file entry24.pdb (PDB, C-alpha atoms and all ligand atoms)
ATOM      1  CA  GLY A   1      42.680  22.093-135.353  1.00  0.00           C
ATOM      2  CA  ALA A   2      45.043  22.525-132.409  1.00  0.00           C
ATOM      3  CA  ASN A   3      42.159  23.535-130.142  1.00  0.00           C
ATOM      4  CA  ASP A   4      39.315  21.617-131.828  1.00  0.00           C
ATOM      5  CA  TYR A   5      38.276  19.905-128.601  1.00  0.00           C
ATOM      6  CA  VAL A   6      34.587  19.022-128.410  1.00  0.00           C
ATOM      7  CA  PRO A   7      32.444  18.030-125.423  1.00  0.00           C
ATOM      8  CA  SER A   8      30.611  14.794-124.749  1.00  0.00           C
ATOM      9  CA  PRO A   9      28.331  14.106-121.777  1.00  0.00           C
ATOM     10  CA  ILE A  10      29.045  11.848-118.849  1.00  0.00           C
ATOM     11  CA  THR A  11      25.976   9.951-117.648  1.00  0.00           C
ATOM     12  CA  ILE A  12      24.980   7.760-114.710  1.00  0.00           C
ATOM     13  CA  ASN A  13      21.916   5.492-114.592  1.00  0.00           C
ATOM     14  CA  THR A  14      19.002   5.613-112.155  1.00  0.00           C
ATOM     15  CA  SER A  15      18.261   2.050-113.250  1.00  0.00           C
ATOM     16  CA  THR A  16      21.227   0.736-111.230  1.00  0.00           C
ATOM     17  CA  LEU A  17      19.680   1.676-107.872  1.00  0.00           C
ATOM     18  CA  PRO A  18      18.761  -1.577-106.081  1.00  0.00           C
ATOM     19  CA  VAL A  19      15.304  -2.032-104.612  1.00  0.00           C
ATOM     20  CA  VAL A  20      14.888   0.246-101.584  1.00  0.00           C
ATOM     21  CA  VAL A  21      13.577  -1.881 -98.688  1.00  0.00           C
ATOM     22  CA  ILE A  22      12.318   0.148 -95.725  1.00  0.00           C
ATOM     23  CA  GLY A  23      11.974  -1.568 -92.363  1.00  0.00           C
ATOM     24  CA  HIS A  24      11.875   7.002 -90.427  1.00  0.00           C
ATOM     25  CA  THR A  25      15.093   9.024 -90.581  1.00  0.00           C
ATOM     26  CA  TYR A  26      15.644  11.925 -92.996  1.00  0.00           C
ATOM     27  CA  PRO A  27      17.902  12.571 -94.777  1.00  0.00           C
ATOM     28  CA  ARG A  28      19.422   9.162 -95.386  1.00  0.00           C
ATOM     29  CA  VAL A  29      21.190   7.521 -98.308  1.00  0.00           C
ATOM     30  CA  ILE A  30      19.010   4.761 -99.777  1.00  0.00           C
ATOM     31  CA  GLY A  31      21.534   3.367-102.250  1.00  0.00           C
ATOM     32  CA  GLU A  32      24.343   4.085-104.652  1.00  0.00           C
ATOM     33  CA  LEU A  33      24.175   4.039-108.414  1.00  0.00           C
ATOM     34  CA  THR A  34      26.853   2.159-110.309  1.00  0.00           C
ATOM     35  CA  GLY A  35      29.679   4.614-110.899  1.00  0.00           C
ATOM     36  CA  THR A  36      30.439   5.515-114.487  1.00  0.00           C
ATOM     37  CA  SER A  37      33.383   7.012-116.336  1.00  0.00           C
ATOM     38  CA  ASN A  38      34.118   8.757-119.623  1.00  0.00           C
ATOM     39  CA  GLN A  39      37.713   9.187-120.751  1.00  0.00           C
ATOM     40  CA  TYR A  40      36.744  11.625-123.509  1.00  0.00           C
ATOM     41  CA  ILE A  41      34.509  14.275-121.994  1.00  0.00           C
ATOM     42  CA  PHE A  42      36.664  16.751-123.938  1.00  0.00           C
ATOM     43  CA  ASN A  43      38.582  15.365-126.910  1.00  0.00           C
ATOM     44  CA  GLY A  44      39.597  16.176-130.466  1.00  0.00           C
ATOM     45  CA  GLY A  45      42.191  18.936-130.565  1.00  0.00           C
ATOM     46  CA  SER A  46      45.413  18.110-132.346  1.00  0.00           C
ATOM     47  CA  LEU A  47      47.652  19.909-129.809  1.00  0.00           C
ATOM     48  CA  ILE A  48      48.004  18.395-126.327  1.00  0.00           C
ATOM     49  CA  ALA A  49      46.954  20.704-123.491  1.00  0.00           C
ATOM     50  CA  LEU A  50      47.015  21.023-119.726  1.00  0.00           C
ATOM     51  CA  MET A  51      43.348  20.930-118.795  1.00  0.00           C
ATOM     52  CA  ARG A  52      41.099  20.824-115.792  1.00  0.00           C
ATOM     53  CA  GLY A  53      37.418  20.410-115.209  1.00  0.00           C
ATOM     54  CA  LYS A  54      35.243  22.711-113.130  1.00  0.00           C
ATOM     55  CA  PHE A  55      31.931  21.158-112.148  1.00  0.00           C
ATOM     56  CA  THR A  56      28.963  23.446-111.390  1.00  0.00           C
ATOM     57  CA  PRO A  57      25.828  21.631-110.156  1.00  0.00           C
ATOM     58  CA  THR A  58      22.659  23.184-111.492  1.00  0.00           C
ATOM     59  CA  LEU A  59      19.902  21.427-109.504  1.00  0.00           C
ATOM     60  CA  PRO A  60      18.474  23.001-106.344  1.00  0.00           C
ATOM     61  CA  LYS A  61      20.536  22.406-103.232  1.00  0.00           C
ATOM     62  CA  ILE A  62      18.248  21.249-100.407  1.00  0.00           C
ATOM     63  CA  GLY A  63      20.821  20.766 -97.654  1.00  0.00           C
ATOM     64  CA  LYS A  64      23.808  18.637 -96.678  1.00  0.00           C
ATOM     65  CA  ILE A  65      24.341  15.046 -95.571  1.00  0.00           C
ATOM     66  CA  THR A  66      27.409  13.308 -94.213  1.00  0.00           C
ATOM     67  CA  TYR A  67      28.352  10.213 -96.172  1.00  0.00           C
ATOM     68  CA  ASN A  68      31.176   7.956 -97.294  1.00  0.00           C
ATOM     69  CA  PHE A  69      30.731   6.284-100.674  1.00  0.00           C
ATOM     70  CA  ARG A  70      31.236   2.548-100.661  1.00  0.00           C
ATOM     71  CA  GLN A  71      32.700   3.051-104.132  1.00  0.00           C
ATOM     72  CA  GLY A  72      35.823   5.148-104.421  1.00  0.00           C
ATOM     73  CA  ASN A  73      38.531   5.020-101.814  1.00  0.00           C
ATOM     74  CA  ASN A  74      37.911   7.815 -99.312  1.00  0.00           C
ATOM     75  CA  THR A  75      38.445   6.561 -95.772  1.00  0.00           C
ATOM     76  CA  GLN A  76      36.379   9.198 -93.994  1.00  0.00           C
ATOM     77  CA  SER A  77      32.973  10.754 -94.377  1.00  0.00           C
ATOM     78  CA  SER A  78      32.407  14.067 -96.095  1.00  0.00           C
ATOM     79  CA  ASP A  79      29.572  16.522 -96.320  1.00  0.00           C
ATOM     80  CA  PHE A  80      27.687  16.261 -99.606  1.00  0.00           C
ATOM     81  CA  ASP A  81      25.173  18.731-100.986  1.00  0.00           C
ATOM     82  CA  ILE A  82      21.767  17.103-101.465  1.00  0.00           C
ATOM     83  CA  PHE A  83      20.310  18.067-104.845  1.00  0.00           C
ATOM     84  CA  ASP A  84      16.619  17.984-105.673  1.00  0.00           C
ATOM     85  CA  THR A  85      15.693  15.441-108.349  1.00  0.00           C
ATOM     86  CA  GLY A  86      12.351  17.191-108.444  1.00  0.00           C
ATOM     87  CA  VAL A  87      10.582  14.046-107.224  1.00  0.00           C
ATOM     88  CA  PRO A  88       9.365  14.726-103.665  1.00  0.00           C
ATOM     89  CA  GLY A  89      11.192  12.724-101.067  1.00  0.00           C
ATOM     90  CA  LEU A  90      14.130  11.936-103.381  1.00  0.00           C
ATOM     91  CA  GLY A  91      17.424  13.771-103.683  1.00  0.00           C
ATOM     92  CA  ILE A  92      20.848  12.755-104.887  1.00  0.00           C
ATOM     93  CA  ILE A  93      24.393  13.398-103.741  1.00  0.00           C
ATOM     94  CA  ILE A  94      27.293  13.536-106.193  1.00  0.00           C
ATOM     95  CA  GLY A  95      30.977  12.737-106.233  1.00  0.00           C
ATOM     96  CA  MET A  96      33.291  13.144-109.181  1.00  0.00           C
ATOM     97  CA  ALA A  97      36.897  12.266-109.842  1.00  0.00           C
ATOM     98  CA  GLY A  98      39.545  12.337-112.470  1.00  0.00           C
ATOM     99  CA  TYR A  99      39.378   9.535-114.959  1.00  0.00           C
ATOM    100  CA  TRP A 100      42.361   7.577-113.689  1.00  0.00           C
ATOM    101  CA  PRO A 101      41.714   5.519-110.551  1.00  0.00           C
ATOM    102  CA  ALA A 102      44.419   7.076-108.394  1.00  0.00           C
ATOM    103  CA  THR A 103      42.585  10.419-108.308  1.00  0.00           C
ATOM    104  CA  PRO A 104      40.154  10.872-105.418  1.00  0.00           C
ATOM    105  CA  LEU A 105      36.410  11.048-105.304  1.00  0.00           C
ATOM    106  CA  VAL A 106      35.624  14.732-104.767  1.00  0.00           C
ATOM    107  CA  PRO A 107      32.393  15.355-102.823  1.00  0.00           C
ATOM    108  CA  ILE A 108      30.209  17.959-104.495  1.00  0.00           C
ATOM    109  CA  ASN A 109      29.586  20.335-101.608  1.00  0.00           C
ATOM    110  CA  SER A 110      30.357  23.762-103.089  1.00  0.00           C
ATOM    111  CA  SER A 111      28.692  25.921-105.730  1.00  0.00           C
ATOM    112  CA  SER A 112      31.507  24.887-108.079  1.00  0.00           C
ATOM    113  CA  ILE A 113      34.524  22.660-107.654  1.00  0.00           C
ATOM    114  CA  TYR A 114      37.431  21.312-109.660  1.00  0.00           C
ATOM    115  CA  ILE A 115      36.911  17.567-109.960  1.00  0.00           C
ATOM    116  CA  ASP A 116      40.398  17.067-111.488  1.00  0.00           C
ATOM    117  CA  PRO A 117      43.031  17.996-110.500  1.00  0.00           C
ATOM    118  CA  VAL A 118      41.832  18.486-106.932  1.00  0.00           C
ATOM    119  CA  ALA A 119      44.965  20.592-106.479  1.00  0.00           C
ATOM    120  CA  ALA A 120      43.148  23.291-108.469  1.00  0.00           C
ATOM    121  CA  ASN A 121      40.660  23.876-105.656  1.00  0.00           C
ATOM    122  CA  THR A 122      43.460  25.572-103.689  1.00  0.00           C
ATOM    123  CA  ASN A 123      45.920  26.432-106.501  1.00  0.00           C
ATOM    124  CA  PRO A 124      44.391  28.486-109.350  1.00  0.00           C
ATOM    125  CA  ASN A 125      47.366  27.625-111.593  1.00  0.00           C
ATOM    126  CA  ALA A 126      47.097  23.809-111.289  1.00  0.00           C
ATOM    127  CA  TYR A 127      45.999  21.673-114.236  1.00  0.00           C
ATOM    128  CA  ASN A 128      46.173  18.054-115.306  1.00  0.00           C
ATOM    129  CA  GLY A 129      49.333  16.860-116.988  1.00  0.00           C
ATOM    130  CA  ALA A 130      49.374  17.577-120.689  1.00  0.00           C
ATOM    131  CA  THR A 131      47.457  15.146-122.862  1.00  0.00           C
ATOM    132  CA  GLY A 132      44.883  15.037-125.620  1.00  0.00           C
ATOM    133  CA  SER A 133      41.706  14.484-123.628  1.00  0.00           C
ATOM    134  CA  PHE A 134      39.927  15.192-120.357  1.00  0.00           C
ATOM    135  CA  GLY A 135      37.723  12.583-118.689  1.00  0.00           C
ATOM    136  CA  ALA A 136      36.132  11.846-115.348  1.00  0.00           C
ATOM    137  CA  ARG A 137      34.360   9.408-113.070  1.00  0.00           C
ATOM    138  CA  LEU A 138      30.864  10.043-111.752  1.00  0.00           C
ATOM    139  CA  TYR A 139      29.342   8.765-108.508  1.00  0.00           C
ATOM    140  CA  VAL A 140      25.770   9.333-107.367  1.00  0.00           C
ATOM    141  CA  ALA A 141      23.699   8.136-104.421  1.00  0.00           C
ATOM    142  CA  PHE A 142      19.966   8.521-103.845  1.00  0.00           C
ATOM    143  CA  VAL A 143      18.783  10.228-100.642  1.00  0.00           C
ATOM    144  CA  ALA A 144      15.421   9.911 -98.958  1.00  0.00           C
ATOM    145  CA  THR A 145      14.514  13.459 -97.983  1.00  0.00           C
ATOM    146  CA  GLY A 146      11.018  12.523 -96.810  1.00  0.00           C
ATOM    147  CA  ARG A 147       8.557   9.677 -96.560  1.00  0.00           C
ATOM    148  CA  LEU A 148       8.478   7.394 -99.643  1.00  0.00           C
ATOM    149  CA  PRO A 149       5.377   5.527-100.855  1.00  0.00           C
ATOM    150  CA  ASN A 150       5.511   1.844-101.668  1.00  0.00           C
ATOM    151  CA  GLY A 151       5.920   0.774-105.252  1.00  0.00           C
ATOM    152  CA  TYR A 152       7.568   2.066-108.385  1.00  0.00           C
ATOM    153  CA  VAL A 153       8.652   5.691-108.782  1.00  0.00           C
ATOM    154  CA  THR A 154       9.856   7.301-112.021  1.00  0.00           C
ATOM    155  CA  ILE A 155      12.866   9.613-111.900  1.00  0.00           C
ATOM    156  CA  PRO A 156      13.047  11.948-114.909  1.00  0.00           C
ATOM    157  CA  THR A 157      16.321  12.423-116.734  1.00  0.00           C
ATOM    158  CA  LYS A 158      18.097  15.298-115.007  1.00  0.00           C
ATOM    159  CA  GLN A 159      21.096  17.446-115.873  1.00  0.00           C
ATOM    160  CA  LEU A 160      23.038  17.344-112.619  1.00  0.00           C
ATOM    161  CA  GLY A 161      25.319  20.125-113.843  1.00  0.00           C
ATOM    162  CA  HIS A 162      28.106  20.834-116.288  1.00  0.00           C
ATOM    163  CA  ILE A 163      31.888  20.618-116.494  1.00  0.00           C
ATOM    164  CA  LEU A 164      33.699  23.686-117.783  1.00  0.00           C
ATOM    165  CA  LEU A 165      36.971  22.937-119.555  1.00  0.00           C
ATOM    166  CA  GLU A 166      39.769  25.267-118.412  1.00  0.00           C
ATOM    167  CA  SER A 167      43.322  25.353-119.713  1.00  0.00           C
ATOM    168  CA  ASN A 168      46.491  27.378-119.369  1.00  0.00           C
ATOM    169  CA  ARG A 169      46.334  27.765-123.160  1.00  0.00           C
ATOM    170  CA  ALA A 170      44.235  30.885-123.674  1.00  0.00           C
ATOM    171  CA  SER A 171      42.856  29.925-127.086  1.00  0.00           C
ATOM    172  CA  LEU A 172      41.440  26.739-125.612  1.00  0.00           C
ATOM    173  CA  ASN A 173      40.370  28.261-122.306  1.00  0.00           C
ATOM    174  CA  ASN A 174      38.515  31.066-124.024  1.00  0.00           C
ATOM    175  CA  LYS A 175      36.267  28.633-125.914  1.00  0.00           C
ATOM    176  CA  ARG A 176      34.612  27.893-122.546  1.00  0.00           C
ATOM    177  CA  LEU A 177      33.726  24.379-123.668  1.00  0.00           C
ATOM    178  CA  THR A 178      31.102  22.765-121.438  1.00  0.00           C
ATOM    179  CA  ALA A 179      29.954  19.163-121.100  1.00  0.00           C
ATOM    180  CA  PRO A 180      26.755  18.044-119.401  1.00  0.00           C
ATOM    181  CA  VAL A 181      26.735  15.690-116.412  1.00  0.00           C
ATOM    182  CA  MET A 182      23.580  13.642-116.728  1.00  0.00           C
ATOM    183  CA  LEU A 183      21.407  11.521-114.458  1.00  0.00           C
ATOM    184  CA  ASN A 184      19.690   9.195-116.882  1.00  0.00           C
ATOM    185  CA  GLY A 185      16.119   8.776-115.722  1.00  0.00           C
ATOM    186  CA  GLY A 186      14.514   5.523-114.808  1.00  0.00           C
ATOM    187  CA  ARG A 187      12.427   3.642-112.305  1.00  0.00           C
ATOM    188  CA  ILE A 188      13.197   2.879-108.669  1.00  0.00           C
ATOM    189  CA  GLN A 189      11.238   0.573-106.381  1.00  0.00           C
ATOM    190  CA  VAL A 190      10.391   1.065-102.726  1.00  0.00           C
ATOM    191  CA  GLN A 191       9.286  -1.933-100.674  1.00  0.00           C
ATOM    192  CA  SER A 192       7.801  -0.424 -97.534  1.00  0.00           C
ATOM    193  CA  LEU A 193       7.294  -3.389 -95.246  1.00  0.00           C
TER     194      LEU A 193
HETATM  195 CL    CL A 201      29.307   8.499-119.992  1.00  0.00          CL
HETATM  196 CL    CL A 202      35.439   6.147-122.084  1.00  0.00          CL
HETATM  197 CL    CL A 203      33.319   9.544-100.244  1.00  0.00          CL
HETATM  198 CL    CL A 204      17.174  18.892-115.686  1.00  0.00          CL
HETATM  199 CL    CL A 205      48.542  30.452-124.498  1.00  0.00          CL
END

call {"tool": "encode", "arguments": {"input": "entry24.pdb", "output": "structure tokens", "more": "lines below"}}
Ligand SMILES: [Cl-]
Ligand SMILES: [Cl-]
Ligand SMILES: [Cl-]
Ligand SMILES: [Cl-]
Ligand SMILES: [Cl-]
result
Amino acid sequence: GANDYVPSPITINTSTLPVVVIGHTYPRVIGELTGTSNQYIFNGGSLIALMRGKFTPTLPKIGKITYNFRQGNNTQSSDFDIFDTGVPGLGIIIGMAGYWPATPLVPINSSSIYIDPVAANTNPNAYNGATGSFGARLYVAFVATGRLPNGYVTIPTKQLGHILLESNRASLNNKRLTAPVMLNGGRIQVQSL
């Protein structure tokens, strides 16, 4: 079908956080996960469409932190919303971008935001160029929000939020397709010297 687009999740892995060595200050970023990307978060319709993705985080927002991801290509710091993983002392901050590398990392610091095209955050009629899929890049960093014990800590799998597919084609827009944005759970290690 022309509008038979279906969602697929985009996921990032707790297991890529390096060991956290502590030689304190809260909040502070304790490491970045390896950024991930999915070209086909929405895919499958036979008719090309102008599409955009609205990300709504759905974990509790604890506060803000200023940061500049080592990954991505922003040259100045931004405020990021710190989201509660549920594990005391541990939050995450999120950035998302369009799939293609020229598009910028968008700090998640609003109750919802268009991750691609960023033009849509100030132009309600802006969409990606017409094509047959919508994808994205996902960036996450862990934040110490309080004192961490030594040793291993398990992070549960968390749904960071969802991307709503919007389009200037009503039949596709009105499906309100949504794709989950996932933090795959895992184990981190703190070495408190
Ligand atoms: Cl993925
Ligand atoms: Cl992909
Ligand atoms: Cl950044
Ligand atoms: Cl969850
Ligand atoms: Cl239409």

call {"tool": "residues_near_ligand", "arguments": {"input": "entry24.pdb", "ligand": "ligand CL 205 (chain A)", "cutoff": "12 Å", "atoms": "all atoms listed in the file", "output": "list in words"}}
result
residues 2, 3, 47, 49, 50, 166, 167, 168, 169, 170, 171, 172, 173 and 174 of chain A

call {"tool": "resolve_selection", "arguments": {"input": "entry24.pdb", "expression": "the PyMOL selection byres (((chain A and resi 109-120) around 7) and not hetatm)", "output": "list in words"}}
result
residues 52, 53, 54, 55, 56, 57, 79, 80, 81, 96, 97, 98, 106, 107, 108, 121, 122, 123, 124, 125, 126, 127 and 128 of chain A

call {"tool": "residues_near_ligand", "arguments": {"input": "entry24.pdb", "ligand": "ligand CL 203 (chain A)", "cutoff": "12 Å", "atoms": "only C-alpha atoms and all ligand atoms", "output": "NGL selection string"}}
result
:A and (32 or 65-80 or 93-97 or 104-109 or 138-141)

call {"tool": "residues_near_ligand", "arguments": {"input": "entry24.pdb", "ligand": "ligand CL 202 (chain A)", "cutoff": "9 Å", "atoms": "all atoms listed in the file", "output": "PyMOL selection string"}}
result
chain A and resi 37-41+99+135-136

call {"tool": "resolve_selection", "arguments": {"input": "entry24.pdb", "expression": "the PyMOL selection byres (((chain A and resi 12) around 9) and not hetatm)", "output": "PyMOL selection string"}}
result
chain A and resi 10-11+13-16+33-37+138-140+181-185

call {"tool": "residues_near_ligand", "arguments": {"input": "entry24.pdb", "ligand": "ligand CL 204 (chain A)", "cutoff": "7 Å", "atoms": "only C-alpha atoms and all ligand atoms", "output": "list in words"}}
result
residues 157, 158, 159 and 160 of chain A

call {"tool": "build_atoms", "arguments": {"input": "entry24.pdb", "residues": "range 153-179 of chain A", "atoms": "N, CA and C atoms", "output": "mmCIF file, keeping the file's coordinate frame"}}
result
data_model
loop_
_atom_site.group_PDB
_atom_site.id
_atom_site.type_symbol
_atom_site.label_atom_id
_atom_site.label_comp_id
_atom_site.auth_asym_id
_atom_site.auth_seq_id
_atom_site.Cartn_x
_atom_site.Cartn_y
_atom_site.Cartn_z
ATOM 1 N N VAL A 153 8.570 4.240 -108.654
ATOM 2 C CA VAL A 153 8.652 5.691 -108.782
ATOM 3 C C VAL A 153 9.531 6.018 -109.983
ATOM 4 N N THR A 154 9.060 6.900 -110.873
ATOM 5 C CA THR A 154 9.856 7.301 -112.021
ATOM 6 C C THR A 154 10.664 8.549 -111.696
ATOM 7 N N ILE A 155 11.956 8.476 -111.970
ATOM 8 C CA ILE A 155 12.866 9.613 -111.900
ATOM 9 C C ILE A 155 13.055 10.156 -113.314
ATOM 10 N N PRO A 156 12.758 11.421 -113.574
ATOM 11 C CA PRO A 156 13.047 11.948 -114.909
ATOM 12 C C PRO A 156 14.546 12.036 -115.149
ATOM 13 N N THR A 157 14.933 12.122 -116.424
ATOM 14 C CA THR A 157 16.321 12.423 -116.734
ATOM 15 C C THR A 157 16.609 13.839 -116.277
ATOM 16 N N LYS A 158 17.724 14.016 -115.581
ATOM 17 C CA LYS A 158 18.097 15.298 -115.007
ATOM 18 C C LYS A 158 19.504 15.654 -115.445
ATOM 19 N N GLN A 159 19.736 16.936 -115.729
ATOM 20 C CA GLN A 159 21.096 17.446 -115.873
ATOM 21 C C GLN A 159 21.573 17.848 -114.484
ATOM 22 N N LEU A 160 22.487 17.049 -113.934
ATOM 23 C CA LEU A 160 23.038 17.344 -112.619
ATOM 24 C C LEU A 160 23.851 18.634 -112.632
ATOM 25 N N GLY A 161 24.490 18.941 -113.753
ATOM 26 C CA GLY A 161 25.319 20.125 -113.843
ATOM 27 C C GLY A 161 26.155 20.046 -115.100
ATOM 28 N N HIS A 162 27.228 20.824 -115.126
ATOM 29 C CA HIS A 162 28.106 20.834 -116.288
ATOM 30 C C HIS A 162 29.550 20.957 -115.841
ATOM 31 N N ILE A 163 30.452 20.448 -116.682
ATOM 32 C CA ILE A 163 31.888 20.618 -116.494
ATOM 33 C C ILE A 163 32.361 21.665 -117.484
ATOM 34 N N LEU A 164 33.032 22.687 -116.970
ATOM 35 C CA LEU A 164 33.699 23.686 -117.783
ATOM 36 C C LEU A 164 35.137 23.236 -117.989
ATOM 37 N N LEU A 165 35.582 23.231 -119.249
ATOM 38 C CA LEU A 165 36.971 22.937 -119.555
ATOM 39 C C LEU A 165 37.795 24.206 -119.397
ATOM 40 N N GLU A 166 38.825 24.164 -118.557
ATOM 41 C CA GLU A 166 39.769 25.267 -118.412
ATOM 42 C C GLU A 166 41.156 24.777 -118.775
ATOM 43 N N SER A 167 41.985 25.705 -119.240
ATOM 44 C CA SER A 167 43.322 25.353 -119.713
ATOM 45 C C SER A 167 44.229 26.552 -119.508
ATOM 46 N N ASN A 168 45.533 26.285 -119.405
ATOM 47 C CA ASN A 168 46.491 27.378 -119.369
ATOM 48 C C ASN A 168 46.851 27.837 -120.774
ATOM 49 N N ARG A 169 46.256 27.241 -121.797
ATOM 50 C CA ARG A 169 46.334 27.765 -123.160
ATOM 51 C C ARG A 169 45.095 28.621 -123.412
ATOM 52 N N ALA A 170 45.321 29.918 -123.579
ATOM 53 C CA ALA A 170 44.235 30.885 -123.674
ATOM 54 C C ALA A 170 43.247 30.541 -124.777
ATOM 55 N N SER A 171 43.742 30.168 -125.956
ATOM 56 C CA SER A 171 42.856 29.925 -127.086
ATOM 57 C C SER A 171 41.878 28.808 -126.786
ATOM 58 N N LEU A 172 42.307 27.840 -125.986
ATOM 59 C CA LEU A 172 41.440 26.739 -125.612
ATOM 60 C C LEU A 172 40.553 27.132 -124.439
ATOM 61 N N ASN A 173 41.136 27.809 -123.456
ATOM 62 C CA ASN A 173 40.370 28.261 -122.306
ATOM 63 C C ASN A 173 39.241 29.176 -122.733
ATOM 64 N N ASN A 174 39.504 30.051 -123.691
ATOM 65 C CA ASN A 174 38.515 31.066 -124.024
ATOM 66 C C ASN A 174 37.351 30.518 -124.834
ATOM 67 N N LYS A 175 37.423 29.269 -125.291
ATOM 68 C CA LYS A 175 36.267 28.633 -125.914
ATOM 69 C C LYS A 175 35.172 28.318 -124.903
ATOM 70 N N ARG A 176 35.538 28.232 -123.631
ATOM 71 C CA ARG A 176 34.612 27.893 -122.546
ATOM 72 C C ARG A 176 33.751 26.674 -122.897
ATOM 73 N N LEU A 177 34.418 25.614 -123.345
ATOM 74 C CA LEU A 177 33.726 24.379 -123.668
ATOM 75 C C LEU A 177 33.057 23.833 -122.408
ATOM 76 N N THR A 178 31.831 23.342 -122.562
ATOM 77 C CA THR A 178 31.102 22.765 -121.438
ATOM 78 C C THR A 178 30.473 21.443 -121.841
ATOM 79 N N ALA A 179 30.511 20.480 -120.913
ATOM 80 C CA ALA A 179 29.954 19.163 -121.100
ATOM 81 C C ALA A 179 28.904 18.883 -120.034
#
